[PDB]
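*Asks:* Input structure: work_26.pdb, which contains PDB, C-alpha atoms and all ligand atoms.
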ATOM      1  CA  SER A   5     -15.573  -8.349  -5.581
ATOM      2  CA  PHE A   6     -13.133  -5.830  -7.121
ATOM      3  CA  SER A   7     -14.788  -3.921  -9.970
ATOM      4  CA  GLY A   8     -13.795  -1.177 -12.395
ATOM      5  CA  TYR A   9     -10.068  -1.933 -12.521
ATOM      6  CA  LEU A  10      -7.886  -1.587 -15.620
ATOM      7  CA  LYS A  11      -5.721  -4.635 -16.298
ATOM      8  CA  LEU A  12      -1.980  -3.799 -16.564
ATOM      9  CA  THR A  13      -0.424  -7.305 -16.507
ATOM     10  CA  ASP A  14      -1.408 -10.901 -15.780
ATOM     11  CA  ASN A  15      -1.591 -10.076 -12.017
ATOM     12  CA  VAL A  16      -1.603  -6.247 -11.581
ATOM     13  CA  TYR A  17      -4.769  -4.121 -11.847
ATOM     14  CA  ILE A  18      -5.279  -0.364 -11.255
ATOM     15  CA  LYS A  19      -8.138   2.077 -10.471
ATOM     16  CA  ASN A  20      -8.595   5.784  -9.660
ATOM     17  CA  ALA A  21     -10.089   5.352  -6.176
ATOM     18  CA  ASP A  22      -9.790   6.235  -2.527
ATOM     19  CA  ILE A  23      -8.297   3.075  -0.885
ATOM     20  CA  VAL A  24     -10.452   3.677   2.242
ATOM     21  CA  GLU A  25     -13.679   3.709   0.219
ATOM     22  CA  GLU A  26     -12.503   0.703  -1.794
ATOM     23  CA  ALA A  27     -11.743  -1.236   1.392
ATOM     24  CA  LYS A  28     -15.185  -0.393   2.898
ATOM     25  CA  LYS A  29     -16.924  -1.580  -0.289
ATOM     26  CA  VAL A  30     -14.864  -4.761  -0.966
ATOM     27  CA  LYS A  31     -13.825  -5.836   2.589
ATOM     28  CA  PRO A  32     -10.717  -7.539   1.123
ATOM     29  CA  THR A  33      -8.710 -10.207   2.919
ATOM     30  CA  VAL A  34      -5.704  -7.847   2.920
ATOM     31  CA  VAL A  35      -5.413  -4.069   2.685
ATOM     32  CA  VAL A  36      -1.822  -2.679   2.457
ATOM     33  CA  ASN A  37      -0.880   0.329   4.532
ATOM     34  CA  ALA A  38       1.975   2.668   3.419
ATOM     35  CA  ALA A  39       3.547   2.597   6.874
ATOM     36  CA  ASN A  40       6.646   4.074   8.526
ATOM     37  CA  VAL A  41       8.954   2.049  10.808
ATOM     38  CA  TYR A  42       7.260   3.352  13.988
ATOM     39  CA  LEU A  43       3.712   2.613  12.715
ATOM     40  CA  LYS A  44       2.775   6.257  13.406
ATOM     41  CA  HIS A  45      -0.196   6.705  11.083
ATOM     42  CA  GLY A  46      -0.329  10.496  10.688
ATOM     43  CA  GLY A  47      -0.882  11.361   7.067
ATOM     44  CA  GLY A  48      -1.294  10.049   3.526
ATOM     45  CA  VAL A  49      -2.684   6.570   3.150
ATOM     46  CA  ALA A  50      -1.755   5.614   6.734
ATOM     47  CA  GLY A  51      -3.530   8.597   8.301
ATOM     48  CA  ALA A  52      -6.612   7.992   6.156
ATOM     49  CA  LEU A  53      -6.849   4.213   6.956
ATOM     50  CA  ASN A  54      -6.295   4.871  10.669
ATOM     51  CA  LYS A  55      -9.016   7.583  10.758
ATOM     52  CA  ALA A  56     -11.453   5.166   9.115
ATOM     53  CA  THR A  57     -10.795   2.663  11.986
ATOM     54  CA  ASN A  58     -11.626   5.371  14.611
ATOM     55  CA  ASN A  59      -7.928   5.186  15.775
ATOM     56  CA  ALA A  60      -8.159   1.425  16.541
ATOM     57  CA  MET A  61      -5.303   0.814  14.030
ATOM     58  CA  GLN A  62      -3.037   3.237  15.928
ATOM     59  CA  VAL A  63      -3.837   1.655  19.339
ATOM     60  CA  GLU A  64      -3.019  -1.825  18.019
ATOM     61  CA  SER A  65       0.118  -0.516  16.274
ATOM     62  CA  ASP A  66       1.433   1.171  19.484
ATOM     63  CA  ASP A  67       1.072  -2.195  21.352
ATOM     64  CA  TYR A  68       2.946  -3.943  18.487
ATOM     65  CA  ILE A  69       5.868  -1.447  18.641
ATOM     66  CA  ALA A  70       5.988  -1.552  22.477
ATOM     67  CA  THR A  71       6.421  -5.395  22.205
ATOM     68  CA  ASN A  72       8.613  -5.763  19.081
ATOM     69  CA  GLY A  73      10.349  -2.463  18.361
ATOM     70  CA  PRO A  74      10.331  -0.744  14.991
ATOM     71  CA  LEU A  75      10.061  -2.355  11.597
ATOM     72  CA  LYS A  76      12.951  -2.194   9.052
ATOM     73  CA  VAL A  77      12.677   0.035   5.922
ATOM     74  CA  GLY A  78      11.621  -2.572   3.295
ATOM     75  CA  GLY A  79       9.898  -4.705   5.985
ATOM     76  CA  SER A  80       6.340  -5.415   7.049
ATOM     77  CA  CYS A  81       4.012  -6.820   9.664
ATOM     78  CA  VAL A  82       0.464  -8.290   9.551
ATOM     79  CA  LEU A  83      -2.066  -6.728  11.975
ATOM     80  CA  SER A  84      -5.878  -6.597  12.087
ATOM     81  CA  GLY A  85      -7.800  -4.895   9.244
ATOM     82  CA  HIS A  86     -10.462  -3.743  11.771
ATOM     83  CA  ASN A  87     -13.600  -2.587   9.867
ATOM     84  CA  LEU A  88     -11.700  -2.308   6.534
ATOM     85  CA  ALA A  89     -10.333  -5.785   5.785
ATOM     86  CA  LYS A  90      -9.589  -9.124   7.517
ATOM     87  CA  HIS A  91      -5.882  -8.073   7.820
ATOM     88  CA  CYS A  92      -3.748  -4.997   7.272
ATOM     89  CA  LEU A  93      -0.273  -5.627   5.844
ATOM     90  CA  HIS A  94       1.797  -2.635   7.070
ATOM     91  CA  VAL A  95       4.617  -2.215   4.553
ATOM     92  CA  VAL A  96       7.487   0.288   4.877
ATOM     93  CA  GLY A  97       8.715   1.667   1.565
ATOM     94  CA  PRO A  98      11.713   4.042   1.602
ATOM     95  CA  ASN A  99      10.873   7.730   2.240
ATOM     96  CA  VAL A 100      13.050   9.754  -0.153
ATOM     97  CA  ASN A 101      12.037  12.978   1.835
ATOM     98  CA  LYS A 102      13.807  11.412   4.870
ATOM     99  CA  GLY A 103      16.895  10.301   2.711
ATOM    100  CA  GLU A 104      16.175   6.531   2.608
ATOM    101  CA  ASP A 105      17.584   4.205  -0.125
ATOM    102  CA  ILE A 106      15.200   3.856  -3.155
ATOM    103  CA  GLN A 107      16.635   0.353  -3.851
ATOM    104  CA  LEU A 108      14.677  -0.809  -0.754
ATOM    105  CA  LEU A 109      11.461  -0.254  -2.757
ATOM    106  CA  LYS A 110      11.839  -3.685  -4.435
ATOM    107  CA  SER A 111      12.322  -5.337  -0.973
ATOM    108  CA  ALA A 112       9.160  -3.546   0.249
ATOM    109  CA  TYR A 113       7.054  -4.916  -2.683
ATOM    110  CA  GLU A 114       8.425  -8.494  -2.087
ATOM    111  CA  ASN A 115       6.279  -8.555   1.111
ATOM    112  CA  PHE A 116       3.198  -8.678  -1.149
ATOM    113  CA  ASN A 117       4.219 -12.145  -2.437
ATOM    114  CA  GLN A 118       3.250 -13.699   0.915
ATOM    115  CA  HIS A 119      -0.478 -12.992   0.181
ATOM    116  CA  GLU A 120      -2.641 -14.316  -2.673
ATOM    117  CA  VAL A 121      -4.561 -11.091  -3.220
ATOM    118  CA  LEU A 122      -4.125  -7.540  -1.937
ATOM    119  CA  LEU A 123      -5.721  -4.074  -2.166
ATOM    120  CA  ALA A 124      -2.785  -1.629  -2.137
ATOM    121  CA  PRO A 125      -1.460   1.885  -2.757
ATOM    122  CA  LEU A 126       1.736   2.653  -4.719
ATOM    123  CA  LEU A 127       4.558   2.334  -2.167
ATOM    124  CA  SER A 128       6.907   5.260  -1.588
ATOM    125  CA  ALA A 129       4.710   7.560  -3.763
ATOM    126  CA  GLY A 130       2.759  10.608  -2.512
ATOM    127  CA  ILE A 131       4.306  12.177   0.555
ATOM    128  CA  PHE A 132       7.100   9.535   0.613
ATOM    129  CA  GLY A 133       8.696  11.429  -2.306
ATOM    130  CA  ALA A 134       9.493   8.723  -4.905
ATOM    131  CA  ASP A 135       8.400   8.920  -8.550
ATOM    132  CA  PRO A 136       5.042   7.065  -8.807
ATOM    133  CA  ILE A 137       5.881   5.897 -12.386
ATOM    134  CA  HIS A 138       8.970   4.162 -10.939
ATOM    135  CA  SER A 139       6.938   2.684  -8.063
ATOM    136  CA  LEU A 140       4.379   1.151 -10.509
ATOM    137  CA  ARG A 141       7.240  -0.346 -12.617
ATOM    138  CA  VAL A 142       8.890  -1.915  -9.535
ATOM    139  CA  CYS A 143       5.451  -3.276  -8.456
ATOM    140  CA  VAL A 144       4.779  -4.998 -11.813
ATOM    141  CA  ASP A 145       8.361  -6.362 -11.966
ATOM    142  CA  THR A 146       8.347  -7.732  -8.356
ATOM    143  CA  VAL A 147       4.879  -8.778  -7.258
ATOM    144  CA  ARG A 148       3.673 -12.219  -8.548
ATOM    145  CA  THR A 149       0.408 -12.410  -6.530
ATOM    146  CA  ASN A 150      -2.823 -10.558  -7.455
ATOM    147  CA  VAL A 151      -2.594  -6.850  -6.657
ATOM    148  CA  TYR A 152      -5.402  -4.245  -6.988
ATOM    149  CA  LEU A 153      -3.812  -0.782  -6.909
ATOM    150  CA  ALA A 154      -5.895   2.211  -5.829
ATOM    151  CA  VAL A 155      -4.540   5.621  -6.902
ATOM    152  CA  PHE A 156      -6.372   8.533  -5.253
ATOM    153  CA  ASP A 157      -5.206  11.419  -7.469
ATOM    154  CA  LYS A 158      -7.075  11.535 -10.827
ATOM    155  CA  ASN A 159      -4.371  13.424 -12.682
ATOM    156  CA  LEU A 160      -1.693  10.969 -11.487
ATOM    157  CA  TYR A 161      -3.888   7.962 -12.472
ATOM    158  CA  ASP A 162      -4.213   9.340 -16.027
ATOM    159  CA  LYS A 163      -0.408   9.876 -16.246
ATOM    160  CA  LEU A 164       0.335   6.309 -14.908
ATOM    161  CA  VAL A 165      -1.985   4.686 -17.498
ATOM    162  CA  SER A 166      -0.706   6.721 -20.513
ATOM    163  CA  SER A 167       2.976   6.158 -19.657
ATOM    164  CA  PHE A 168       2.759   2.417 -18.730
TER
HETATM  165  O1  LIG B   1       1.628   9.770  -5.478
HETATM  166  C1  LIG B   1       0.658  10.530  -5.417
HETATM  167  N1  LIG B   1      -0.536  10.149  -4.969
HETATM  168  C2  LIG B   1      -0.796   8.815  -4.445
HETATM  169  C3  LIG B   1      -2.262   8.456  -4.662
HETATM  170  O2  LIG B   1      -2.966   9.434  -5.168
HETATM  171  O3  LIG B   1      -2.702   7.348  -4.359
HETATM  172  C4  LIG B   1      -0.441   8.700  -2.964
HETATM  173  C5  LIG B   1      -0.840   9.672  -2.044
HETATM  174  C6  LIG B   1      -0.544   9.542  -0.697
HETATM  175  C7  LIG B   1       0.210   8.459  -0.279
HETATM  176  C8  LIG B   1       0.639   7.491  -1.154
HETATM  177  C9  LIG B   1       0.308   7.618  -2.505
HETATM  178  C10 LIG B   1       1.437   6.478  -0.371
HETATM  179  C11 LIG B   1       1.685   7.248   0.909
HETATM  180  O4  LIG B   1       0.615   8.221   1.020
HETATM  181  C12 LIG B   1       0.758  11.963  -5.817
HETATM  182  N2  LIG B   1      -0.382  12.681  -5.861
HETATM  183  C13 LIG B   1      -0.286  13.984  -6.153
HETATM  184  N3  LIG B   1       0.806  14.694  -6.443
HETATM  185  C14 LIG B   1       1.922  13.929  -6.421
HETATM  186  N4  LIG B   1       3.173  14.349  -6.779
HETATM  187  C15 LIG B   1       4.027  13.274  -6.684
HETATM  188  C16 LIG B   1       3.350  12.170  -6.286
HETATM  189  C17 LIG B   1       1.987  12.561  -6.118
END
Show how you would write the structure in this file as structure tokens.
*Replies:*
Amino acid sequence: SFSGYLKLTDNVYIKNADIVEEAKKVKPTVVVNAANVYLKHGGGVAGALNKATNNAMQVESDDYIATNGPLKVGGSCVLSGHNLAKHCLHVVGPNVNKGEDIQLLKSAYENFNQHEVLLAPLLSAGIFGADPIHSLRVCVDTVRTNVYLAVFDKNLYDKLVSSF
């Protein structure tokens, strides 16, 4: 049900799209959220996905943290996808704006290998402060399962394709 994606490798595909609109159209088994360790979904991809769920993602996430404590940077958890997907895989990439180690970006993408197919953003890009060209290279060199990457910004999408 994914359509309009450019093939980068055997298993990695990319499109200039809003991940919320893509999730509402496709209703994938797994949508990846660019989470933080507290699952506080304020801005970027996380804020946008949570708003689309009418805040149900944040209510579920607060119950998960009250039971389990915070995630690790490079870690993940599987929660409901609400009206966007069967499941949401909340993955914590390092936030360079908060001083976190960029080497944890490969550990963050390894979480994707537990799922056959995923709709995802580029981890640690955008407001997390890492170079998106580096994030796409770590994705293609780490993930072995089928990943459909949605890049919201048109100008960044064009730069990622021409420099790949
Ligand atoms: O990475 C950028 N955008 C992506 C995207 O468009 O999907 C994006 C945006 C938000 C976000 C994530 C990724 C993951 C956490 O929230 C981006 N766009 C515009 N100017 C920029 N300068 C440096 C990077 C950058």
*Asks:* When the PyMOL selection byres (((chain A and resi 29-32) around 12) and not hetatm) is applied to the structure above, which residues does it catch, written out as a PyMOL selection string?
*Replies:* chain A and resi 5-7+21-28+33-36+85-93+119-124+151-152
*Asks:* Given a cut-off of 7 Å, what residues near ligand LIG 1 (chain B) show up using only C-alpha atoms and all ligand atoms, put as a ChimeraX atom specification?
*Replies:* /A:38,47-50,125-133,135-136,154-157,160
*Asks:* Based on the selection just made, write C-alpha atoms of those residues as a compact mmCIF listing (two decimals), in the coordinates of the input.
*Replies:*
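Output file selection_29.txt follows:
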# COMPACT_ATOMS: atom_id res chain seq x y z
CA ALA A 38 1.98 2.67 3.42
CA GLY A 47 -0.88 11.36 7.07
CA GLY A 48 -1.29 10.05 3.53
CA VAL A 49 -2.68 6.57 3.15
CA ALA A 50 -1.76 5.61 6.73
CA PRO A 125 -1.46 1.88 -2.76
CA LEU A 126 1.74 2.65 -4.72
CA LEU A 127 4.56 2.33 -2.17
CA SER A 128 6.91 5.26 -1.59
CA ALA A 129 4.71 7.56 -3.76
CA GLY A 130 2.76 10.61 -2.51
CA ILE A 131 4.31 12.18 0.56
CA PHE A 132 7.10 9.54 0.61
CA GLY A 133 8.70 11.43 -2.31
CA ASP A 135 8.40 8.92 -8.55
CA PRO A 136 5.04 7.06 -8.81
CA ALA A 154 -5.90 2.21 -5.83
CA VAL A 155 -4.54 5.62 -6.90
CA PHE A 156 -6.37 8.53 -5.25
CA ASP A 157 -5.21 11.42 -7.47
CA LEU A 160 -1.69 10.97 -11.49
*Asks:* Check the smallest atom-to-atom distance from each of A:165, A:75, A:109, A:39 to residue 62 of chain A using only C-alpha atoms, then report the winner.
*Replies:* A:39
*Asks:* Using all atoms listed in the file for the distances, tell me which of A:77, A:142, A:18, A:153 is nearest to residue 100 of chain A.
*Replies:* A:77
*Asks:* Restricting the calculation to all atoms listed in the file, which member of A:61, A:81, A:52, A:147 is positioned closest to residue 111 of chain A?
*Replies:* A:147
*Asks:* A:107, A:117, A:97, A:37: which is nearest residue 84 of chain A, counting only C-alpha atoms?
*Replies:*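 Ranked by minimum distance to residue 84 of chain A, first place goes to A:37.
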*Asks:* Using atom CA of residue 146 of chain A and atom CA of residue 78 of chain A as the two end points, give the distance in Å to one decimal.
*Replies:* 13.2 Å
*Asks:* What is the atom CA of residue 20 of chain A to atom CA of residue 140 of chain A distance in Å?
*Replies:*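 Those two atoms sit 13.8 Å apart.
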*Asks:* Given the file shown, determine the residues that the PyMOL selection byres (((chain A and resi 64-66) around 9) and not hetatm) selects; report them as a PyMOL selection string.
*Replies:* chain A and resi 42-45+59-63+67-71+83-84
*Asks:* Can you tell me how far atom CA of residue 54 of chain A sits from atom CA of residue 110 of chain A, in Å to one decimal?
*Replies:*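 Rounded to one decimal, the two atoms are 25.1 Å apart.
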*Asks:* Looking at A:145, A:137, A:99, A:161, which one is nearest to residue 114 of chain A, with distances taken over only C-alpha atoms?
*Replies:* A:145
*Asks:* Looking at A:13, A:79, A:105, A:19, which one is nearest to residue 164 of chain A, with distances taken over all atoms listed in the file?
*Replies:*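 When distances to residue 164 of chain A are compared using all atoms listed in the file, the smallest one comes from A:19.
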